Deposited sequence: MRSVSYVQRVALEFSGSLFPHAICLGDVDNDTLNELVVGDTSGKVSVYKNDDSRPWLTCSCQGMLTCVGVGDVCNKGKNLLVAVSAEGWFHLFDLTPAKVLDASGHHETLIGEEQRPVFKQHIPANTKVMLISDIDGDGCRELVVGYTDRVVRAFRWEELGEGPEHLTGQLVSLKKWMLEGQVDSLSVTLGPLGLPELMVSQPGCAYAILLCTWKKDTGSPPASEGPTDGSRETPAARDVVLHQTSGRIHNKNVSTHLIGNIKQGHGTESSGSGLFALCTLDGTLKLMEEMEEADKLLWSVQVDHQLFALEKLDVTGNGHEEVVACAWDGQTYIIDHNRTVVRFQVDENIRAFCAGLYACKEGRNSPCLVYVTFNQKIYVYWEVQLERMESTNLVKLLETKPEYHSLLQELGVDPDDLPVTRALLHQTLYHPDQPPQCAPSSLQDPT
């Protein structure tokens, strides 16, 4: 409903082309501090830490990258850097203390999307890859090497994979299908499809596992968000019988990204979407929009915690520009979302009412506040 203008940002030098899915952020050295991971087509991966401009380190693989990620894949306990090339490859890097990898295993071709999580409830984290040809494939690191698992065949193209709490309270895997549609993949030890009209060939992106409380990030979900390239956004609640509709927003831009971030700091998470022309939307769970217009055309987008300055995690927004630069906005924290004033904010607390009753018309209140604020004596 209102626009803002964030100022503080860092510019990172980056020369190369990439897919929209070849960027992320997470801890690779296991120091509870997130670092930025970017991977271009040319076969190199760059990590960014603190608020430098040059990459922290360069790790070289062989092929052409399509997906990168960081997570607990071997179930060994650490966090690991997974990089899957376009042709057939798959690499792990062991960044925790050039930079040749330490593993290599060929996989099916036409890799498009990557996800690391436990989708069954067995306590072991598996790796899921979607493909350009409506094929989804799950794996597992069998104590070692990566053995395969159930494969799902689809009709509409895939754009995003997400793991979210199911109706009964178990992990469930979603994939996106064109036409603002999605599909739940049957658990791996056949594929159900839901539709939410527009062109049937409309690209759709999905995100899930949005926090709702404070300290519930260990186990909790039920809300997931959808975006379409023609410029519509929706927030859906899982429930059991059907999917409850929370809010639907129609914009006039080409939406191609979808993430979640905590800017207010009250535990809840807010949906963050970006377009090709740089018009970013930030929406809470009560349909409150904040627009940031970075006057530039955008290739890739990212949103999440990042260790920017003085070694401390803070929410950050990351933009990749056609001008070979990456912008990190790190002072993006907001005091609140809506716009209010002192009178409305002070009317909530009953202490103000008690104080006024003990002290004995709105203009009178305004005069009292002016005298209290500007003429204390």
*asked:* Lining up the deposited sequence with the coordinates, I want the ranges that have no C-alpha atoms.
replied: 98-113, 160-168, 215-238, 246-248, 413-416, 434-447
